[PDB]
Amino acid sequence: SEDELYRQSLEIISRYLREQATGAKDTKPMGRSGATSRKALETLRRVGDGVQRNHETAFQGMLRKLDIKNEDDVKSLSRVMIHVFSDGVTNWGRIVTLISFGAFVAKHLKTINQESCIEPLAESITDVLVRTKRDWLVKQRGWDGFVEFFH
């Protein structure tokens, strides 16, 4: 390991997706740069909840199209994130939509009683995000850049 950016990203995304699914704020330290991952998570809650709320109908229609039922559909969803998220313009706007739709999908995984697929979903999203937009993420100062961008 010793990929700080991947570790920090996976943590923030797992916390958001897990707490959206279940309602509970997970109380367990944070990790390295914990004040930058707690301010990132705070921001993500504000802006991410906003995107799910404002574009609920769009999110519902996309979820319906993907027809997600098991670990096999979540594993596949990865090829879908590469086509849609990676093959686009790069900005925090689309990065939030990716993690917000992931949270929307994580809520659906809980309701269809497949909540063991949440942590893998979070890993899939972090994989596509960090190992297709690494160059851009580094240039923007990673999650310090994100928190700054949503002042």
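In this text, residue numbers run from 1 along the sequence as written. Between two forms, the rigid core is defined as the largest C-alpha subset superposing within 1.5 Å.
- Comparing 81-89 with 105-113 in 8 other deposited structures of this protein, after superposition on the rigid core, the stretch with the greater RMS C-alpha deviation is 81-89.
- In terms of root mean square C-alpha deviation after superposing on the rigid core in 8 other deposited structures of this protein, the stretch standing farther out between 62-70 and 47-55 is 62-70.
- Averaged over their C-alpha atoms, the temperature factors of 26-34 and 88-96 are higher for 26-34.
- Mean CA temperature factor is higher for 64-72 when stretches 104-112 and 64-72 are set side by side in the entry.
- Going by the entry's values, 39 shows the largest Cα B-factor out of 45, 83, 39, 53.
- When the CA B factors of the chain's modelled residues are split into thirds, the value for residue 128 lands in the lowest one.
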